[PDB]
>>> print(open('structure.txt').read())   # compact mmCIF, C-alpha atoms and all ligand atoms
# COMPACT_ATOMS: atom_id res chain seq x y z
CA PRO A 1 49.04 27.58 -18.35
CA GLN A 2 49.61 30.00 -21.23
CA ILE A 3 47.84 28.80 -24.38
CA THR A 4 48.87 30.04 -27.81
CA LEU A 5 46.30 30.05 -30.59
CA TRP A 6 48.05 28.52 -33.62
CA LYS A 7 45.84 25.51 -32.86
CA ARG A 8 42.29 25.31 -31.54
CA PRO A 9 42.31 25.74 -27.72
CA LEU A 10 40.91 22.28 -27.00
CA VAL A 11 41.06 21.01 -23.42
CA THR A 12 39.80 18.02 -21.49
CA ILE A 13 36.85 18.70 -19.20
CA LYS A 14 35.15 16.53 -16.58
CA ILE A 15 31.39 16.82 -16.18
CA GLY A 16 28.88 14.42 -14.67
CA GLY A 17 31.82 12.10 -14.00
CA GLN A 18 32.77 11.81 -17.69
CA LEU A 19 35.76 13.18 -19.59
CA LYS A 20 35.19 15.15 -22.79
CA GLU A 21 37.06 17.53 -25.06
CA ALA A 22 35.87 21.13 -25.27
CA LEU A 23 36.86 24.38 -26.98
CA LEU A 24 37.81 27.41 -24.88
CA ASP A 25 35.65 30.02 -26.60
CA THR A 26 36.01 33.66 -25.54
CA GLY A 27 33.31 34.62 -28.07
CA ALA A 28 30.67 32.58 -26.22
CA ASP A 29 28.78 34.13 -23.29
CA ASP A 30 27.55 30.69 -22.26
CA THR A 31 28.80 27.12 -22.17
CA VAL A 32 27.12 24.77 -24.64
CA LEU A 33 27.82 21.03 -24.80
CA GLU A 34 26.74 18.40 -27.30
CA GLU A 35 23.88 16.05 -26.47
CA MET A 36 24.62 14.07 -23.30
CA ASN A 37 22.98 12.66 -20.18
CA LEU A 38 23.31 14.80 -17.04
CA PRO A 39 21.68 14.23 -13.63
CA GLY A 40 19.32 16.68 -11.97
CA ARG A 41 16.67 19.06 -13.23
CA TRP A 42 16.79 21.14 -16.39
CA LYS A 43 14.65 23.75 -18.14
CA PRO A 44 14.08 24.26 -21.88
CA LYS A 45 15.76 27.36 -23.28
CA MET A 46 16.84 28.92 -26.57
CA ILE A 47 20.27 30.24 -27.58
CA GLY A 48 21.37 32.03 -30.74
CA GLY A 49 24.67 31.77 -32.57
CA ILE A 50 26.09 32.78 -35.91
CA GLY A 51 23.53 30.74 -37.85
CA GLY A 52 20.35 31.22 -35.85
CA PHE A 53 18.77 29.81 -32.73
CA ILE A 54 18.61 26.34 -31.19
CA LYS A 55 16.71 24.71 -28.37
CA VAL A 56 18.81 23.62 -25.40
CA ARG A 57 18.33 22.09 -21.97
CA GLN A 58 19.68 24.40 -19.27
CA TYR A 59 21.40 22.77 -16.28
CA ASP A 60 22.22 25.17 -13.46
CA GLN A 61 24.89 24.91 -10.78
CA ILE A 62 26.69 22.01 -12.47
CA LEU A 63 30.15 20.96 -11.30
CA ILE A 64 32.62 20.95 -14.19
CA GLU A 65 36.42 20.69 -14.15
CA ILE A 66 38.30 22.47 -16.96
CA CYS A 67 41.95 21.59 -17.51
CA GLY A 68 42.28 20.89 -13.79
CA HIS A 69 40.36 23.98 -12.59
CA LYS A 70 36.96 23.62 -10.95
CA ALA A 71 33.87 25.62 -11.88
CA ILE A 72 30.22 25.42 -10.89
CA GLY A 73 27.80 27.07 -13.25
CA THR A 74 25.20 26.87 -15.97
CA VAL A 75 25.67 24.34 -18.76
CA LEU A 76 23.47 24.28 -21.86
CA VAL A 77 23.06 20.97 -23.70
CA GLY A 78 21.94 20.81 -27.31
CA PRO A 79 22.91 20.57 -31.00
CA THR A 80 25.99 22.75 -30.87
CA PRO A 81 28.63 21.98 -33.52
CA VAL A 82 31.26 21.44 -30.80
CA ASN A 83 31.54 21.53 -27.02
CA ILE A 84 32.33 25.15 -26.12
CA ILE A 85 33.36 26.62 -22.78
CA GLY A 86 32.02 30.16 -22.56
CA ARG A 87 32.74 33.16 -20.37
CA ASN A 88 30.39 32.08 -17.57
CA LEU A 89 32.93 29.36 -16.74
CA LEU A 90 36.08 30.91 -18.20
CA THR A 91 35.80 33.66 -15.58
CA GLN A 92 35.54 31.09 -12.78
CA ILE A 93 38.86 29.44 -13.68
CA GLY A 94 40.61 32.83 -13.91
CA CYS A 95 40.98 32.91 -17.70
CA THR A 96 42.06 36.14 -19.40
CA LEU A 97 43.22 37.18 -22.85
CA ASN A 98 46.69 38.70 -23.07
CA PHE A 99 48.66 40.33 -25.88
CA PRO B 1 47.14 44.50 -22.17
CA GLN B 2 45.18 41.91 -20.19
CA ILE B 3 41.47 41.46 -20.86
CA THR B 4 39.24 39.83 -18.28
CA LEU B 5 36.13 38.00 -19.43
CA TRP B 6 33.44 39.41 -17.12
CA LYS B 7 32.06 41.06 -20.26
CA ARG B 8 32.43 40.41 -23.96
CA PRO B 9 36.04 41.01 -25.13
CA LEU B 10 35.16 43.77 -27.59
CA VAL B 11 37.96 45.87 -29.08
CA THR B 12 38.25 48.52 -31.77
CA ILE B 13 39.62 47.39 -35.13
CA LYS B 14 40.48 49.26 -38.31
CA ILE B 15 39.71 47.55 -41.63
CA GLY B 16 39.08 48.92 -45.11
CA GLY B 17 39.46 52.44 -43.75
CA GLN B 18 36.68 51.92 -41.18
CA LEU B 19 36.73 51.58 -37.40
CA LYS B 20 34.57 48.80 -35.96
CA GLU B 21 34.07 46.92 -32.70
CA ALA B 22 34.92 43.21 -32.78
CA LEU B 23 35.14 40.21 -30.46
CA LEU B 24 38.50 38.64 -29.71
CA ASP B 25 37.24 35.10 -30.25
CA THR B 26 39.42 32.07 -29.48
CA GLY B 27 36.57 29.84 -30.66
CA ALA B 28 36.74 31.04 -34.29
CA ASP B 29 39.34 29.66 -36.70
CA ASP B 30 38.75 32.57 -39.10
CA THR B 31 37.80 36.23 -38.83
CA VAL B 32 34.18 37.04 -39.70
CA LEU B 33 33.05 40.63 -40.24
CA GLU B 34 29.62 42.13 -40.74
CA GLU B 35 28.56 43.01 -44.26
CA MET B 36 30.80 45.67 -45.77
CA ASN B 37 31.58 46.64 -49.37
CA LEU B 38 35.29 45.81 -49.62
CA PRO B 39 36.98 46.02 -53.04
CA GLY B 40 38.82 43.22 -54.78
CA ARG B 41 38.24 39.60 -55.60
CA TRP B 42 36.78 37.08 -53.18
CA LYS B 43 35.84 33.41 -52.94
CA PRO B 44 32.49 32.06 -51.66
CA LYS B 45 32.53 30.13 -48.40
CA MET B 46 30.11 28.72 -45.86
CA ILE B 47 30.79 28.61 -42.12
CA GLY B 48 28.70 26.86 -39.49
CA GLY B 49 28.06 27.43 -35.82
CA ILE B 50 25.15 27.39 -33.41
CA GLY B 51 22.00 27.63 -35.49
CA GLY B 52 23.63 26.41 -38.72
CA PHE B 53 25.60 27.96 -41.56
CA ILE B 54 25.90 31.40 -43.12
CA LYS B 55 27.24 32.35 -46.54
CA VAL B 56 30.30 34.63 -46.51
CA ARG B 57 32.79 36.15 -48.94
CA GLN B 58 36.42 35.23 -48.32
CA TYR B 59 38.94 38.04 -48.88
CA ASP B 60 42.65 37.27 -48.62
CA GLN B 61 45.57 39.44 -47.49
CA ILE B 62 43.41 42.10 -45.85
CA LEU B 63 45.10 44.65 -43.59
CA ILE B 64 43.54 44.90 -40.12
CA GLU B 65 44.66 46.84 -37.05
CA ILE B 66 43.56 45.46 -33.67
CA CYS B 67 44.22 47.75 -30.68
CA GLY B 68 47.12 49.36 -32.50
CA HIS B 69 48.49 45.92 -33.45
CA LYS B 70 48.78 45.43 -37.21
CA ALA B 71 47.89 42.14 -38.88
CA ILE B 72 47.17 40.86 -42.38
CA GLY B 73 45.20 37.78 -43.32
CA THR B 74 41.90 36.32 -44.45
CA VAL B 75 38.62 37.99 -43.53
CA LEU B 76 35.19 36.49 -44.19
CA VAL B 77 32.41 39.01 -44.87
CA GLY B 78 28.76 38.10 -44.45
CA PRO B 79 25.59 38.47 -42.36
CA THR B 80 27.19 37.76 -39.03
CA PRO B 81 25.46 39.40 -36.03
CA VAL B 82 28.85 40.39 -34.57
CA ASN B 83 32.36 41.10 -35.80
CA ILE B 84 34.62 38.19 -34.81
CA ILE B 85 38.42 38.28 -34.64
CA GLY B 86 39.49 34.66 -35.01
CA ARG B 87 42.69 32.77 -34.37
CA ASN B 88 44.16 33.52 -37.81
CA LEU B 89 44.64 37.14 -36.68
CA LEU B 90 44.85 36.65 -32.89
CA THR B 91 48.15 34.78 -33.36
CA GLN B 92 49.50 37.69 -35.41
CA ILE B 93 48.96 40.16 -32.56
CA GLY B 94 50.46 37.89 -29.89
CA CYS B 95 47.21 36.99 -28.12
CA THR B 96 47.17 34.10 -25.64
CA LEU B 97 44.76 32.58 -23.14
CA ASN B 98 46.05 32.46 -19.58
CA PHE B 99 44.75 30.84 -16.40
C1 LIG C 101 30.31 27.97 -31.87
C2 LIG C 101 31.82 28.11 -32.02
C3 LIG C 101 32.45 26.69 -32.13
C4 LIG C 101 32.18 28.93 -33.33
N1 LIG C 101 31.69 30.34 -33.25
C5 LIG C 101 32.53 31.33 -32.51
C6 LIG C 101 31.89 31.58 -31.16
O1 LIG C 101 32.73 32.35 -30.38
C7 LIG C 101 30.54 32.32 -31.34
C8 LIG C 101 30.75 33.78 -31.77
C9 LIG C 101 29.38 34.50 -31.83
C10 LIG C 101 28.98 35.46 -30.71
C11 LIG C 101 27.64 36.17 -30.77
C12 LIG C 101 26.67 35.92 -31.95
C13 LIG C 101 27.08 34.94 -33.07
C14 LIG C 101 28.41 34.24 -33.02
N2 LIG C 101 29.91 32.34 -30.05
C15 LIG C 101 28.63 31.61 -29.77
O2 LIG C 101 28.03 30.97 -30.60
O3 LIG C 101 28.19 31.77 -28.44
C16 LIG C 101 26.85 31.41 -28.08
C17 LIG C 101 26.99 30.72 -26.60
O4 LIG C 101 27.20 31.76 -25.79
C18 LIG C 101 26.36 32.92 -26.39
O5 LIG C 101 27.03 33.97 -26.43
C19 LIG C 101 27.15 34.44 -28.00
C20 LIG C 101 26.36 33.68 -28.71
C21 LIG C 101 26.06 32.46 -27.88
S1 LIG C 101 30.93 30.93 -34.69
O6 LIG C 101 30.67 32.37 -34.65
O7 LIG C 101 29.66 30.25 -34.96
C22 LIG C 101 32.15 30.50 -35.98
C23 LIG C 101 31.90 29.20 -36.75
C24 LIG C 101 32.91 28.79 -37.80
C25 LIG C 101 34.10 29.69 -38.05
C26 LIG C 101 35.13 29.25 -39.09
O8 LIG C 101 36.15 30.19 -39.08
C27 LIG C 101 35.66 27.94 -38.55
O9 LIG C 101 35.89 28.08 -37.17
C28 LIG C 101 34.36 30.97 -37.26
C29 LIG C 101 33.34 31.38 -36.20
>>> encode(input="structure.txt", output="structure tokens")
Amino acid sequence: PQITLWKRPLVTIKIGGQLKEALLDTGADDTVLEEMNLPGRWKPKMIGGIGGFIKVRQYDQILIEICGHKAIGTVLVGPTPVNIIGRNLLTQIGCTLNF
Amino acid sequence: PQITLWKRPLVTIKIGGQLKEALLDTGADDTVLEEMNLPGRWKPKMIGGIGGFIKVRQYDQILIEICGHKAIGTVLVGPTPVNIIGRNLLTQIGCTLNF
């Protein structure tokens, strides 16, 4: 679809077999989701945002469906203010900015 | 134009008589610019993201040019690590997400 930006670009995602709402975030390199249970192995990592750095659990090669488009990539889990879909997955679903 | 997301969507902007590089950021409600000494009145504000909150100065009705597209709206000035063009101005230049 074509998404205008008068409202937050919030979409439904499916990850680990669960539905969630997430923000399509072109300013994020990486995808960061709020605390949740995910199967498989993870590794502790750090990520920085506008306010500083947080500790996250990095899950690699995770299947995630975004607004009906499939991606498989890295997902960071930690105390982010909101679920954000970053460019690592936005590229996989073919997302571009247009004006 | 059309901007793919393999790399950060950085564009040149013109604000307060200065040229700067800024992210086209669908994940930001507002526009947040690195510290600069703009004239006029402002209101204090706090905005939060990954890592917590930063203190910014809210200026209203600021003229900004984004890739030759003119806009006018609110800009928040503070210690952000990157210049962020948020949805309040992205709508004014006709920017959409497409996949
Ligand atoms: C977290 C989002 C919900 C919100 N943010 C926008 C995001 O695009 C942010 C931009 C960014 C990019 C580089 C450094 C710092 C910030 N990207 C980000 O944190 O990405 C993380 C994950 O991937 C990595 O790559 C870059 C960093 C890592 S915010 O700046 O904090 C923010 C908060 C409140 C407002 C108010 O106007 C109300 O919205 C406006 C903007």
>>> residues_near_ligand(input="structure.txt", ligand="ligand LIG 101 (chain C)", cutoff="9 Å", atoms="only C-alpha atoms and all ligand atoms", output="number ranges by chain")
A: 8, 23-32, 47-52, 76, 80-88; B: 8, 23-32, 46-53, 76, 80-88
>>> residues_around(input="structure.txt", residues="residue A:58", least_positions_apart="2", cutoff="12 Å", atoms="only C-alpha atoms", output="PyMOL selection string")
chain A and resi 30-33+35+38-47+55-56+60-62+73-78
>>> atom_distance(input="structure.txt", atom1="atom CA of residue B:14", atom2="atom CA of residue B:2")
20.1 Å
>>> calpha_fit_and_write(input="structure.txt", fixed="chain B", moving="chain A", output="short mmCIF file (atom, residue, chain, number, x, y, z; two decimals) with C-alpha atoms, keeping the file's coordinate frame")
data_model
loop_
_atom_site.label_atom_id
_atom_site.label_comp_id
_atom_site.auth_asym_id
_atom_site.auth_seq_id
_atom_site.Cartn_x
_atom_site.Cartn_y
_atom_site.Cartn_z
CA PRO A 1 47.22 44.59 -22.62
CA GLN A 2 45.72 42.04 -20.23
CA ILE A 3 41.96 41.70 -20.78
CA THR A 4 39.70 40.26 -18.11
CA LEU A 5 36.46 38.61 -19.16
CA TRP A 6 33.78 40.01 -16.82
CA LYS A 7 32.70 41.97 -19.90
CA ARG A 8 32.69 41.02 -23.57
CA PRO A 9 36.22 41.48 -25.03
CA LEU A 10 35.19 44.15 -27.53
CA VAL A 11 37.93 46.13 -29.26
CA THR A 12 38.18 48.71 -32.00
CA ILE A 13 39.53 47.42 -35.31
CA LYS A 14 40.54 49.24 -38.49
CA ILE A 15 39.83 47.57 -41.82
CA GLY A 16 39.53 49.03 -45.30
CA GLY A 17 40.20 52.42 -43.71
CA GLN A 18 37.14 52.25 -41.43
CA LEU A 19 36.88 51.81 -37.66
CA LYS A 20 34.58 49.13 -36.25
CA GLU A 21 34.01 47.26 -33.01
CA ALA A 22 34.74 43.54 -32.92
CA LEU A 23 34.70 40.67 -30.43
CA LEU A 24 37.92 38.81 -29.62
CA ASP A 25 36.67 35.25 -30.02
CA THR A 26 39.01 32.39 -29.11
CA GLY A 27 36.29 29.90 -30.11
CA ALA A 28 36.38 31.06 -33.74
CA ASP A 29 38.93 29.56 -36.15
CA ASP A 30 38.23 32.36 -38.63
CA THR A 31 37.42 36.05 -38.61
CA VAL A 32 33.89 36.93 -39.69
CA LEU A 33 32.63 40.50 -40.09
CA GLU A 34 29.15 41.86 -40.73
CA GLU A 35 28.16 42.99 -44.21
CA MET A 36 30.48 45.74 -45.46
CA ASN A 37 32.22 47.02 -48.59
CA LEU A 38 35.85 45.94 -49.00
CA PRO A 39 38.15 46.54 -52.00
CA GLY A 40 39.76 43.78 -54.03
CA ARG A 41 38.67 40.32 -55.11
CA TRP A 42 36.67 37.83 -53.09
CA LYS A 43 35.39 34.26 -53.46
CA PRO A 44 32.10 32.76 -52.24
CA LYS A 45 32.49 30.37 -49.32
CA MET A 46 30.48 28.70 -46.57
CA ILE A 47 31.12 28.67 -42.81
CA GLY A 48 29.32 26.83 -40.03
CA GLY A 49 28.63 27.98 -36.49
CA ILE A 50 26.49 26.92 -33.58
CA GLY A 51 23.26 27.29 -35.56
CA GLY A 52 24.21 26.02 -39.00
CA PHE A 53 25.97 27.33 -42.07
CA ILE A 54 26.04 30.69 -43.84
CA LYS A 55 27.35 31.99 -47.13
CA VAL A 56 30.23 34.46 -46.87
CA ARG A 57 32.56 36.38 -49.15
CA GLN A 58 36.19 35.45 -48.46
CA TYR A 59 38.77 38.25 -48.69
CA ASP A 60 42.37 37.06 -48.48
CA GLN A 61 45.46 38.95 -47.37
CA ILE A 62 43.50 41.88 -45.94
CA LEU A 63 45.22 44.46 -43.75
CA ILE A 64 43.44 44.82 -40.41
CA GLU A 65 44.56 46.58 -37.22
CA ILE A 66 43.30 45.14 -33.92
CA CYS A 67 43.63 47.26 -30.79
CA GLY A 68 46.76 48.83 -32.26
CA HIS A 69 48.32 45.58 -33.54
CA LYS A 70 48.59 44.90 -37.26
CA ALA A 71 47.53 41.67 -38.97
CA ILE A 72 47.20 40.61 -42.58
CA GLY A 73 44.96 37.65 -43.21
CA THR A 74 41.68 36.19 -44.38
CA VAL A 75 38.47 38.02 -43.53
CA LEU A 76 35.03 36.51 -44.14
CA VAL A 77 32.10 38.89 -44.67
CA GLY A 78 28.52 37.79 -44.17
CA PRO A 79 25.48 37.59 -41.86
CA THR A 80 27.32 36.91 -38.64
CA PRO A 81 25.53 38.07 -35.47
CA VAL A 82 28.55 40.20 -34.50
CA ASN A 83 32.00 41.06 -35.81
CA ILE A 84 34.33 38.35 -34.47
CA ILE A 85 38.12 38.19 -34.56
CA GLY A 86 39.16 34.55 -34.80
CA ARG A 87 42.38 32.65 -34.24
CA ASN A 88 43.74 33.29 -37.74
CA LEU A 89 44.28 36.91 -36.68
CA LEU A 90 44.53 36.47 -32.91
CA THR A 91 47.73 34.48 -33.46
CA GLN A 92 49.20 37.28 -35.59
CA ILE A 93 48.85 39.88 -32.82
CA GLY A 94 50.39 37.52 -30.25
CA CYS A 95 47.20 36.76 -28.32
CA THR A 96 47.18 33.95 -25.76
CA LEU A 97 44.87 32.73 -23.02
CA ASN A 98 46.29 32.72 -19.50
CA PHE A 99 45.01 31.45 -16.16
#
>>> atom_distance(input="structure.txt", atom1="atom CA of residue B:63", atom2="atom CA of residue B:94")
16.2 Å
>>> atom_distance(input="structure.txt", atom1="atom CA of residue B:5", atom2="atom CA of residue A:96")
6.2 Å
